[PDB]
């Protein structure tokens, strides 16, 4: 699922995906998204939102005796509408993209076996074995979170996109009237290589 | 605050505003927004989302010893993507419009002293006096919610717009939130949606869904 919204002088976007091979992934994803939106609407950062989602899912899972057997992946970003700065965080294989200078560029790191094997100096691992998720909301101890180091200054018309691949061809976006919604999307998906046709998108344009 | 999202078979939109004439309006609005989105994201109806918002604000206000002295108004709608049907709900002065046939058409009723007198078979109360809100999220007992009844069938390109424009609003920077299909026309729809006859203030908070 996805959401975008504005509150507390920020516009934010979130995507969550339940872990398919596990128990009650849909509920884990719902709890992650719910926690994240509450945090973001109240003025919190994407990293705050990830940590709150983890806390909510971890507690829920233990209380159900499912800890480690349920979870979700997510990506979240927020633009501060007062100063024009971007922050983001992600866990798992949902992705964050910067839209700047007319081009879409990858921000976030994947947590999966292939990425980990590369960082260990062992080379990539193609196929389902490499796609296995190594960090997710609901993991027993969450140590690996991909996140912005410092807020990134944006100019009007620039922004951020989060992606997870009936929601097919559904898009959620936060934008102002002055933002042309024909042109922005056109380019982003003119560059829309990064995701499939099957992808759920959420984006914020300053 | 506003939000749109996609969860279950539904795409939804919501606007929430704290009651600025009362205390801790922004904190009330946060509980309402967060509770309503949790319900919507799980595939719940706009009415269920309103009832959850009410329960959350009421619970929080009570513990604060502030019940009835803090609150928010909101409007929410959801379109079922499988069958194209629309539901909506609102409390207070936020408004719900159908976008169809190139026009916005008012669905919902305001809860205010003027509409209360008219509902009771009397005449309107024009001006600020009649604008006093009679139903809001956080009210001691919430009995009045404006809602869809039979879900409304929509065709692709049709949709719903929710609006919060009240004068009482806290000052914030925001943006329009929209849930569309790649098949829609993003910039065209907003313009398409709104001619010189926009039924809301220039500073309005807006959220919308297009099938």
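Residue numbers (the authors' numbering), protein chains in the order written: chain A, -2 to 162, 168 to 208; chain B, -2 to 208.
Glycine residues also receive a C-beta, built at the ideal position from the N, C-alpha and C atoms.
With a threshold of 9 Å between beta-carbons, can residue 82(B) be considered close to chain A, or not? At least 9 Å separates the CB of residue 82(B) from every CB of chain A.
Looking at the C-beta of residue 200(A), does it have a partner C-beta in chain B at a distance below 9 Å? Residue 200(A) does not count as touching chain B.
To the nearest angstrom, how far is it from the Cα of residue 26(B) to the Cα of residue 14(B)? For residue 26(B) and residue 14(B), the distance between alpha carbons rounds to 6 Å.
Please check if any C-beta of chain A sits within less than 9 Å of the C-beta of residue 192(B). It does not; no Cβ of chain A falls within 9 Å.
The segment 24 to 36 of chain A: which residues have C-beta closer than 7 Å to a C-beta of chain B, in chain order? Identification of residues in the segment 24 to 36 of chain A having a C-beta nearer than 7 Å to some C-beta of chain B yields 27, 30, 31, 34 and 35, given in sequence order.
Three-state secondary structure assigned by DSSP to residue 16(A): In the three-state reduction of the DSSP assignment, residue 16(A) falls in the coil class, being assigned neither a helical nor a strand state.
Inter-residue CB distance, residue 126(A) and residue 115(A) (contact presumed, cutoff 8 Å): Wrong, their Cβ atoms sit about 14 Å apart, outside the cutoff.
Along the segment 168 to 182 of chain B, what residues have a CB closer than 8 Å to any CB found in chain A? Taken in chain order, the members of the segment 168 to 182 of chain B whose beta-carbon sits within less than 8 Å of a beta-carbon on chain A are 169, 170, 171, 172, 173, 174, 175, 176, 177, 178, 179, 180 and 182.
Straight-line Cα distance separating residue 117(A) from residue 200(B): One C-alpha to the other measures close to 53 Å.
Residues of chain A with CB under 7 Å from residue 6(B), in chain order? Under the 7 Å cutoff, chain A gives 168.
Counted within 10 angstroms of its Cβ, other Cβ atoms place residue 84(B) as buried (16 or more) or exposed: Looking at its Cβ environment, which holds 16 or more other Cβ atoms inside 10 Å, residue 84(B) is buried.
C-alpha gap between residue 177(B) and residue 195(B), whole angstroms: Cα to Cα, residue 177(B) sits roughly 20 Å from residue 195(B).
Taking 9 Å as the threshold (beta carbon to beta carbon), is residue 59(A) in contact with chain B? Closer than 9 Å: no.
Under 8 Å by Cβ, that's how I've got residue 158(A) and residue 94(A) pegged, so tell me the actual separation to the nearest angstrom. Correct: roughly 4 Å between the Cβ atoms.
So, under 8 Å CB-CB, residue 37(B) and residue 11(B) are touching, yes? Tell me the CB distance rounded to an integer number of Å. Residue 11(B) and residue 37(B) do touch by the CB rule: their CB atoms are close to 7 Å apart, below 8 Å.
Taking C-beta pairs closer than 7 Å, name the residues in chain B that residue 118(A) reaches, listed in chain order. From the beta-carbon of residue 118(A), no residue of chain B is found nearer than 7 Å; the closest lies around 40 Å away.
Does DSSP put residue 189(B) in a helix, a strand or coil? In the displayed model, residue 189(B) falls within a helix according to three-state DSSP.
Between the Cα of residue 147(B) and the Cα atoms of 7(B), 86(B) and 35(B), which residue gives the shortest distance? Of the listed residues, the one whose Cα sits closest to residue 147(B) is 86(B).
Going by CA-CA distance only, name the one from 170(A), 0(A), 41(A) and 67(A) that's closest to residue 79(B). Comparing Cα positions, the closest option is 170(A).
Taking a contact to mean a Cβ-Cβ separation below 9 Å, would you say residue 144(A) touches residue 132(A) in this structure? Cβ atoms of residue 144(A) and residue 132(A): not closer than 9 Å.
Just tell me which of 207(B), 7(B), 64(B) and 208(B) has its CA closest to the CA of residue 22(B). Nearest to residue 22(B) by alpha-carbon distance, out of 207(B), 7(B), 64(B) and 208(B), is 64(B).
Where residue 175(A) falls, given that 16 or more other Cβ within 10 Å makes a residue buried: Classification of residue 175(A): buried, given that the 10 Å Cβ count is 16 or more.
Would you say residue 42(B) faces chain A, with C-beta separation under 9 Å as the test? The beta carbon of residue 42(B) sits no closer than 9 Å to any beta carbon of chain A.
Sort 113(B), 108(B), 43(B) and 122(B) by Cα distance to residue 163(B) and report the nearest one. Here the closest residue by C-alpha is 108(B).
Do residue 3(B) and residue 192(A) have their beta-carbon atoms positioned less than 9 Å apart in this structure? Contact: no.
Using a Cβ cut-off of 9 Å (strictly closer), state whether residue 1(B) contacts chain A. The beta carbon of residue 1(B) falls within 9 Å of a beta carbon belonging to chain A, placing the residue at that interface.
Any beta-carbon of chain B closer than 9 Å to the one on residue 185(A)? Answer yes: the Cβ-Cβ gap between residue 185(A) and chain B drops below 9 Å somewhere.
Is the distance from the Cβ of residue 71(A) to the Cβ of residue 29(A) below 9 Å? When the beta-carbon positions are compared, residue 71(A) and residue 29(A) come within less than 9 Å of each other.
At the level of alpha carbons, what is the spacing between residue 185(B) and residue 183(A)? Distance between the alpha carbons of residue 185(B) and residue 183(A): 7 Å.
Name the DSSP bridge partner or partners of residue 84(B)? Note: residue 84(B) sits in a beta bridge opposite 75(B).
Buried/exposed call for residue 138(B), threshold 16 Cβ in 10 Å: Answer is exposed; the Cβ neighbour count stays below 16.
Neighbour flag for residue 78(B) against chain A, beta carbons, 9 Å: Taking 9 Å as the threshold, the shortest C-beta distance from residue 78(B) to chain A falls below it.
Given that residue 49(B) touches chain A, what residues does it touch there, using C-beta distances under 8 Å? Among the residues of chain A, none has a CB under 8 Å from the CB of residue 49(B); the nearest is roughly 11 Å distant.
Any C-beta of chain A under 9 Å from that of residue 38(B): Yes, residue 38(B) counts as interfacial toward chain A.
Between which two residues does the beta strand (DSSP E) harbouring residue 159(A) extend? First-last of the beta strand (DSSP E) with residue 159(A): 156 to 161.
For residue 141(A), verify whether its CB is less than 8 Å away from any heavy atom of the ligand NAP. This structure lacks the ligand NAP; in fact it carries no ligand of any kind.
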